[PDB]
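Here is the structure we will look at, set down as structure tokens.
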Amino acid sequence: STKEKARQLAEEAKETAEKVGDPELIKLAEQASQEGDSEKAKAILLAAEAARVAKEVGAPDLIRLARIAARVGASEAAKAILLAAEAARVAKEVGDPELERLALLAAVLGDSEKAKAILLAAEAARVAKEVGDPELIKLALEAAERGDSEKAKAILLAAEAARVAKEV
Amino acid sequence: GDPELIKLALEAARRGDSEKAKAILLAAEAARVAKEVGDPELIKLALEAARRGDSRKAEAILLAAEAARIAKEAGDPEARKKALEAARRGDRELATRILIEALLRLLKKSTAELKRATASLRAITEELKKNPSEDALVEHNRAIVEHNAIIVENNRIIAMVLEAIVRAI
Amino acid sequence: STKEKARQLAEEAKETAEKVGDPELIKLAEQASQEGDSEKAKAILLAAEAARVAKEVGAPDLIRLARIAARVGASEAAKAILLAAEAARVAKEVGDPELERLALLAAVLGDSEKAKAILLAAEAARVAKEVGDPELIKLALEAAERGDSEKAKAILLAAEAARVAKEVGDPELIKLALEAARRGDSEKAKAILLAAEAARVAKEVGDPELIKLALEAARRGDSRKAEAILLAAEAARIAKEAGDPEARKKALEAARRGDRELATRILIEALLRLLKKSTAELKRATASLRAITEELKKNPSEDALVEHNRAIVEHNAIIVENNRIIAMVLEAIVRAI
Amino acid sequence: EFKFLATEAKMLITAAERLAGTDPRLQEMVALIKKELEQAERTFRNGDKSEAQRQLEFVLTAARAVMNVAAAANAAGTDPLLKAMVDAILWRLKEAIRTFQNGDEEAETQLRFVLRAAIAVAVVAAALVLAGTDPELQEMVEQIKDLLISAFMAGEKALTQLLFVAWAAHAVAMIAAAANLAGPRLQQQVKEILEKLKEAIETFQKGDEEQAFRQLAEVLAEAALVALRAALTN
Amino acid sequence: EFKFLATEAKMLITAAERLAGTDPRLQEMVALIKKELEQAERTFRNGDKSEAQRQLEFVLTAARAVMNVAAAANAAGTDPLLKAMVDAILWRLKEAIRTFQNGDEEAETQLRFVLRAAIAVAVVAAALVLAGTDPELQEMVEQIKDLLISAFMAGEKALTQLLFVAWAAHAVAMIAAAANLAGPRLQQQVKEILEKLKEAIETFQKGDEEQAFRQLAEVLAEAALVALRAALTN
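Residue numbers (this note's numbering), protein chains in the order written: chain U, 1 to 168; chain Z, 1001 to 1169; chain A, 2001 to 2337; chain D, 3001 to 3234; chain C, 4001 to 4234.
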């Protein structure tokens, strides 16, 4: 079931790449299918989803990052690029450039942990700007610079708690 | 259209394993839900369960497929992804919880739609009241029927959510 | 958090005192807040609630009792006065003066146990007068004079079991209720009540094995087996309403087994089938209402508007019926969960 | 030695402090290195002479990569991908500095490549800064940068790949400097070394590890030989 | 590693074989290194993996210094003092290669400086090759070369001195490359970094080890920063 799962995940990779605007990642996915690497197939799939979320966000850095990750078949780098494109969307919703830098850095380092950290930190910055919690935004920026997903999720939950408290 | 499920059913019939046959049935149902929704990972997990014969994993995959179908009907792709993750995990408790959250969101949406429909029906009633005629009574009755149909749809959504809770409880 | 809880419970005490008609208890509550005694605060609160329930009942004895309890800060006496004012309301609903004497005595002695005894005994006397069970009323009066909350609750449950038996026609259940009242076993009386309910469901459905298991549980006094038989009887009733005789037979088997989990699962399956049927019926009714609406739209008139409104009302009634079925299923799930 | 090759590290620290005037991450890394330099000099003054030598060797690579990053920032003040990879290498360097400060062994593992990473990064930065109107291979250099980003992901599959990328940048940086001081003999001489360079890069992108590296190194050597005459052509 | 960073040494060997077309001592050293590279690869193929790593690390510095010497010969084909110091470094490199082949320990001692010696030698060679009509500091560069010859004699008193000479050459080579592609804003910007460079060199010739090294490094950094704009000025 390894070669079949590889061909399927790689076909999905090529489809999400063509939807992302990547025919190169689509061809790399076709190659992952022909080789039978489910790891490379899911890597090209996560990278294609990353490129789609980036085209939704608008960062060519993570776009080329996911393109190279699909051309190589890097699953960690592809998941990092996907979570970093989510972080970039959340930051464009929030408006923190240091968060965008941390997200692009997590995508480049391929640290999916740091990428989820950047996503949770962009969410934390958005929730803090909505609540007005400067300590929460500071903790979010500190987690984004550090790449701590626990600290970024804590900043997000603290901004949400401060919002619920101010509303209460 | 799951020939793997049909093969598992034939193998269970030859083996006389009602458990394997029920697992094949649940896997065929999960694969049908995956094909109707478009969850190839769900259909893959269903085929894997049919080859394995795990009625628990197949039922969890079916619950996650129904949850992802409700999510697509609502628009929660994160819910569909969580359902895929839970079906890959093989548990149905998280799938049922996600289906419940999606049903709650869809129920809030249907409640907003029903409030809007009731406001529209009251407006058509006030219009027929201010100047009753053929068109006025026509619009008032049409708004009443539209409110009844919206209430029937909301009740159907609530019934689906309750059936999900029952299959979970 | 002791002083804050004290100030809060004492402010609530003063408020419920002013609502009860007690400015003296309100001032005693303000004093309990200023001192910071959460015990005295909750005491003045329970005494203020006691005075409110008394002003609702009309006994100045318990009123002055709660007033003094708030002035002193007696939590046991305040809870006794509250349960005794509840007993006095239940007795004014029933009409037993010995019960009122026992309730006032529990309020004066401050025995919250005897006060709950008087409340349950007034409830028992009311349920006996409603059912016509003189043994239940005698046990209620004996518990009120004794101050036994267990005996009074047993008399209440036995009067309720006798009422359910008379409404069902189960003389075995009525005999079990009288025996539990004489024994003072609230568990046996509740088992007799559940058995009378199960026998009523069996008679209304026609499940003689269910009525037999109900009589056997009433003779035994197993509230668990009686509740399982009642659940299986409701499941078989839903099955007959749907047409699943296999479900009724499985309910009979489970009631003979004495478990209610299988009975609840069968009731859930029957409710799911009935819900699918009601969903089909509601879709058909919505289609018919839309068709009548289109007919009134193509040619509106007296008959057209009449048919459109009649179809709308029929769809509303079908939706109400489906909602009632869903509510019954949910109540079954709640009684099971 | 541990205090006789740390004066060279001290000149490196003085250069980096004067060459990293932006990217406060670079100033913070220089400060942590000087503290690490101070810690080694104290251990060089203490009986921890072997620990002093180890910390000084680590801080030497740290200062070298920091100078690479500072020269990159000075040579890549206009490339967003370069600034992003630079901040990424800065974060990776802070992580490796915390790891080495934790005694992590794996310090000269990622930083072993992060040193080569900063090398190739400053290489691409100089290739972009000494470029002009017609880069003609900045896309390839971006591809190489992608390959560097890929090397940023290939960091185990980047040890020889980083060296190959640096050698291709050197063949490009030689051609870039030749065309920079040219107004076209140097351009025609660099057009033939760049031809073999692109051929090897396609071969290096064709999974050729020894042959493509050799072809790129020979192209770089021929480019440097032609640059010897191009430096006197103006 | 011992065979994963020796492919980089192999690209270095390919560059040097294509960049050392004269000085048959350079070709002979490249051949002895390739044999030493072959000996390490055999030890890398043998159970002598630590010996393979040591020989590969030695041969890596050997190939680096050999590339430095080849680039110097390509950039100093007209300086007799440079060719003399180059043949001297070639003889010293043959001696250090025989010593390391003898297991001598003292291999990365003189070659430790002879690596920096070849570095500063290629540095001065590039400073002379990228020069033109007005060297204006080739005498100083010859003085530095003298200081390099002095470093050639100061090899223990040359470890930081070689680094300082290389940094001064870099401040000169940056200014030299700036004036090379210039026809005069780059010349005026390099005239101010060269001022601090000569001031530090006089200070470095005044026995100032930290202050003069810092001043020369800062002058080189400012020169490299001005070169970033001078590279787009043409």
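Even for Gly, the Cβ is constructed at its ideal location relative to N, Cα and C.
*For the alpha helix (DSSP H) that contains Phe4164 of chain C, what are its first and last residues?*
Taken as a continuous stretch (DSSP letters only), the alpha helix (DSSP H) holding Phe4164 of chain C covers 4159-4180.
*Can you round the beta-carbon distance between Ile3149 of chain D and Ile68 of chain U to whole angstroms, since I take them to be within the 8 Å contact cut?*
Contact annotation, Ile3149 of chain D with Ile68 of chain U: C-beta distance approximately 5 Å; criterion of less than 8 Å satisfied.
*Which whole-angstrom value is the C-beta distance of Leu2099 of chain A and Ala2084 of chain A, which I expect to be below 8 Å?*
Contact between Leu2099 of chain A and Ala2084 of chain A is absent: CB atoms are separated by about 10 Å, not below the 8 Å threshold.
*For the stretch 2315-2327 of chain A and the stretch 1145-1160 of chain Z, state whether three or more C-beta atom pairs, one from each stretch, are separated by less than 8 Å.*
Of all C-beta pairs linking the stretch 2315-2327 of chain A to the stretch 1145-1160 of chain Z, three or more are shorter than 8 Å, placing the two stretches in contact.
*For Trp4091 of chain C, count neighbouring C-beta atoms within 10 Å of its own C-beta (all shown protein chains included) and say buried if the count is 16 or more, exposed if not.*
It is exposed - the Cβ of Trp4091 of chain C has fewer than 16 other Cβ atoms within 10 Å.
*asked:* Considering Cα atoms alone, identify which of A:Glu2179, A:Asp2170, A:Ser2301, A:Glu2024 is closest to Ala2158 of chain A.
replied: For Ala2158 of chain A, the nearest C-alpha among the options comes from A:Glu2179.
*Can you name the start and end residues of the alpha helix (DSSP H) that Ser1055 of chain Z belongs to?*
Its alpha helix (DSSP H) spans residues 1055-1074.
*In its own chain, which residues sit with a C-beta less than 6 Å from the C-beta of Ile2337 of chain A, not counting the 5 before and 5 after it?*
So the list is empty, once near-sequence residues are dropped.
*Evaluate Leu3082 of chain D with the Cβ neighbour count: other Cβ atoms within 10 Å of its Cβ, from every protein chain shown; 16 or more gives buried, anything less gives exposed.*
So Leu3082 of chain D ends up on the buried side.
_heavy atom of the ligand FAD below 6 Å from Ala4107 of chain C C-beta_ = The ligand FAD is not part of the structure shown, which contains no ligands of any sort.
*Taking C-beta pairs closer than 9 Å, name the residues in chain Z that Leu2289 of chain A reaches, listed in chain order.*
Going along chain Z in sequence order, the residues near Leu2289 of chain A (Cβ under 9 Å) are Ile1144, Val1145, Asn1148, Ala1149, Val1152.
*Would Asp3104 of chain D be called buried (16 or more neighbouring beta carbons within 10 Å of its own) or exposed?*
Of the other Cβ atoms in all chains shown, fewer than 16 fall within 10 Å of the Cβ of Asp3104 of chain D; this residue is therefore exposed.
*Simplified DSSP state of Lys3206 of chain D, which is helix, strand or coil*: Taken through DSSP and simplified to helix, strand or coil, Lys3206 of chain D comes out as coil.
*asked:* Can you list, in chain order, the residues of its chain with a C-beta nearer than 8 Å to that of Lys2019 of chain A? Leave out the 5 residues immediately preceding and following it.
replied: Only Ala2048, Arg2052 meet the Cβ criterion.
*Have a look at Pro4024 of chain C and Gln3215 of chain D and give me their C-alpha separation to the nearest angstrom.*
Distance between the alpha carbons of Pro4024 of chain C and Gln3215 of chain D: 22 Å.
*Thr3043 of chain D, enclosing alpha helix (DSSP H) - first and last residue*: Where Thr3043 of chain D is concerned, the enclosing alpha helix (DSSP H) starts and stops at 3024-3045.
*Kindly list the residues whose CB is nearer than 7 Å to the CB of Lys4003 of chain C, restricted to its own chain and excluding five residues on each side of it in sequence; keep chain order.*
The residues are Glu4041, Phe4044.
*For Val1037 of chain Z, return the contacting residues in chain A, with the cut-off set at a CB-CB distance below 9 Å.*
Under the 9 Å cutoff, chain A gives no residues; its nearest Cβ is about 21 Å from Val1037 of chain Z.
_Proximal residues to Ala152 of chain U (C-beta, below 7 Å), its chain only, five neighbours per side dropped_ = So the list reads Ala117, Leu120, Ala121, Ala124, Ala140, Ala143, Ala144, once near-sequence residues are dropped.
*Residues of its chain near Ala4096 of chain C, where Cβ-Cβ distance is below 7 Å and the 5 sequence neighbours each way are ignored*: Sequence-distant Cβ neighbours of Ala4096 of chain C in its own chain, meaning closer than 7 Å and more than five residues away, are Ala4107, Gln4110, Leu4111, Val4114.
_Cutting at 6 Å between CB atoms, please list the residues of its own chain near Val4219 of chain C, excluding the five before and the five after it._
For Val4219 of chain C, where only same-chain residues beyond five positions count, the Cβ hits under 6 Å are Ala4171, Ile4193, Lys4196, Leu4197.
*Take every Cβ of the stretch 56-66 of chain U, pair it with every Cβ of the stretch 28-36 of chain U, and state whether three or more of those distances are shorter than 8 Å.*
Verdict: no, contact absent.
*Among U:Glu15, U:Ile155, U:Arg126, which has the Cα closest to the Cα of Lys92 of chain U?*
The closest CA to that of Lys92 of chain U, considering only U:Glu15, U:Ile155, U:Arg126, is found on U:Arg126.
*Proximity test, Cβ basis, 7 Å: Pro2300 of chain A and chain Z*: True, the Cβ-Cβ gap to chain Z drops below 7 Å.
*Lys3145 of chain D lies in the alpha helix (DSSP H); which residues open and close that run?*
Boundaries of the alpha helix (DSSP H) around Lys3145 of chain D: 3138-3153.
*Identify each residue in the stretch 3-27 of chain U for which the Cβ-Cβ distance to at least one residue of chain Z is less than 8 Å, and report them in chain order.*
So the close ones are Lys5, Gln8, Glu12.
*Endpoints, the alpha helix (DSSP H) within which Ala1112 of chain Z is located*: Counted as a single uninterrupted DSSP element, the alpha helix (DSSP H) harbouring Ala1112 of chain Z occupies residues 1093-1130.
*Does the beta carbon of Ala3088 of chain D come closer than 7 Å to any beta carbon on chain U?*
Yes - at least one Cβ of chain U is within 7 Å of the one on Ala3088 of chain D.
*Tell me, to the nearest whole angstrom, how far the beta carbon of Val2205 of chain A is from that of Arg2163 of chain A; I am working on the premise that it is less than 8 Å.*
Their Cβ separation, rounded to whole angstroms, is 20 Å, which puts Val2205 of chain A and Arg2163 of chain A out of contact at 8 Å.
*Give a yes or no on whether 7 Å exceeds the smallest Cβ distance from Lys2297 of chain A to chain Z.*
Judged by the 7 Å Cβ criterion, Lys2297 of chain A is in contact with chain Z.
*asked:* Just to confirm the assignment, what range does the alpha helix (DSSP H) spanning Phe3004 of chain D have?
replied: Counting along the chain, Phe3004 of chain D falls outside any alpha helix (DSSP H), and DSSP gives it neither H nor E.
*Which word fits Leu4232 of chain C, buried or exposed, when buried means at least 16 other C-beta atoms lie within 10 angstroms of its C-beta?*
When all chains shown are included, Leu4232 of chain C counts as exposed.
_I'd like to check one pair, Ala2078 of chain A with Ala2054 of chain A: are the Cβ atoms closer than 7 Å?_
A distance of 7 Å or more separates the beta carbons of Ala2054 of chain A and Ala2078 of chain A.
*Give a yes or no on whether the minimum CB-CB distance between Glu3008 of chain D and chain C is below 7 Å.*
For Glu3008 of chain D, the answer is yes, since a Cβ of chain C falls inside 7 Å of its Cβ.
*For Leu2194 of chain A, which residues of its own chain have a beta-carbon under 6 Å away from its beta-carbon, when the five flanking residues on both sides are left out?*
The answer, listed in chain order, is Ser2223, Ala2226, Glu2227, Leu2230.
*Is the CB-CB distance between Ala4016 of chain C and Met4085 of chain C below 7 Å?*
No, the pair does not count as a contact, with Cβ atoms beyond the cut-off.
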